[PDB]
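We begin with a single chain expressed as structure tokens, specifically the form deposited in one PDB entry.
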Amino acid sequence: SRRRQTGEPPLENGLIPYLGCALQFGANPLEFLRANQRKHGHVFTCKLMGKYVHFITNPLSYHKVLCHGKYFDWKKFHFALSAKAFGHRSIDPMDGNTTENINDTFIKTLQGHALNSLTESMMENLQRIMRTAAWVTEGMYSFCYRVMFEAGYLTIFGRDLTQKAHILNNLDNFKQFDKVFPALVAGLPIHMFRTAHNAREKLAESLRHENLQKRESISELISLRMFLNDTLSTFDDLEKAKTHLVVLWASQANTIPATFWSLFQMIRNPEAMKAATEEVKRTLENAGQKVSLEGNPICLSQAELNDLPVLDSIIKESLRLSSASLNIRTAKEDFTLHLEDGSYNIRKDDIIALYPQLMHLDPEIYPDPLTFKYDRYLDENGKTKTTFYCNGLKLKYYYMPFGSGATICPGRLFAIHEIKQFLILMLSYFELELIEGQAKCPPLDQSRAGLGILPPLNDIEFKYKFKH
């Protein structure tokens, strides 16, 4: 076994060989870390699934970790996770299967100019899917899944302009595969889950280059990713298809619960709904956009979308409460980490992690942290508030659902645009209400801890009726 040495943080080895604290950590991730915070302070080491994870819990120490250091490796763990879960060979250039910098691929196609067409495509696709008036009762999460999945799929992978059952099949397959994702990350083989195994292979088949080339309006991302698969990799046809499944999962898995919580919190709070309705009404008027189901589709520019402070605040506050990401980096060699709490010795191949849900729900940073306050990221005038403090010091990192530094989601700008577009269209098309307005906020499904946004454990019913 491993023993704590000179300078090294307090070590918690756990009661199980290999797993260590994994079981206890999985049982209640936030309370497990909070209990270790009381027992060991802001810096402690946990043996998890064969690894030794140093947790940095002081929000004032996040900057020393999120920096581009010569001792950190921020790809090796992610690349391995992807390989195991999606069933492709190593995408690490050191392994010689590809020479592609996937980070460069994502930057080039999810940001800058590429973002314009991608944003424009999402708005067209959403409107295609969403367009005597009667009240339709449905599960809010079920609704958000239908709408966001189909729109997201068509925006990223283009349209087959030749078929409704096929969209429904991909939808169902994705639900079946995504259901066992926490187990796949843990190390359990997909073979063990027959339904999910078949689902993953069916998803992969439809994303083969031969099937993708037959589609209209493919994203610059996938068309670049196809080109680089052929030019810079030695992957087989199915492996190439599985690299597109990684991108499908990445574009859907966090957007769907993110969309649910934003929609839910906006309707649940009458104050948030009234403000958002007025903002969308104001924005559409100034852009000369008329909401008509039979006429021409609405068009909003990136500039118009980025100037929605109320919606931005609603999304940010929705993510603040539901984000459960695990910010990880690995030690390249043995070194000493210098933090506000002290100096700690870290060994080679050790993991240095952040669980920013500890910060998002910190009462010292966010007063009444478990309450949804729609204007939490707004000032007196109604402009985005970027100043948050912690024990007197102004915080550089205060909101991290997409991560930060080099370990940041490249799809963040698109993610916020597509949620905004869904909310704009939902407010413009329908009259919205809940089955039980005075019903409790659903508990977060903790089985998805470390994988991004936590979905609700149980779905909430809601009603919608198109406007005249």
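Note that the rigid core is defined as the largest set of C-alphas that superpose within 1.5 Å between two forms. In case it trips you up, residue 1 is the first one in the sequence shown, and so on.
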Please classify the coordinate gap between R131 and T132 in terms of deposited residues: none, 1 to 3, 4 to 9, or 10 or more.
4 to 9
Going by the record, give me the number of deposited-sequence residues missing between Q213 and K214 as none, 1 to 3, 4 to 9, or 10 or more.
none
Tell me which stretch, 258-266 or 367-375, has the higher mean Cα B-factor listed in the entry.
367-375
Per the entry, where is the mean C-alpha temperature factor higher: 347-355 or 287-295?
287-295
What's the residue among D92, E278, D312, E201 with the greatest CA temperature factor in the PDB record?
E278
Between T162, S142, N327, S82, let me know which has the highest C-alpha B-factor in the entry?
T162
Binned into thirds over the chain's modelled residues, the C-alpha B-factor of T137 lands in the highest
According to the PDB entry, is the CA B factor of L457 in the bottom, middle or top third of its chain, that is, lowest, middle or highest?
middle
Lowest, middle or highest third: where is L361 by C-alpha B factor in its chain?
middle
Taking only the Cα B-factors deposited for this chain, tell me whether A415 sits in the lowest, middle or highest third.
lowest
Within this chain's modelled residues, let me know which third the CA B factor of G152 belongs to: lowest, middle or highest.
lowest
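There is another form of the same protein, the form deposited in another entry; it is not shown, and what comes next is about it.
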Core-aligned C-alpha movement of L451 between the shown form and the other one, 2 Å or more:
no
Using a rigid core superposition, assess whether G26 undergoes a CA shift of 2 Å or more between the shown form and the other one.
yes
Closer or farther apart in the other form, the C-alpha atoms of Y18 and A186, for a change of 3 Å or more?
closer
Between the shown chain and the other structure, the Cα gap of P456 to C21 differs by 3 Å or more. Is it closer or farther in the other form?
closer
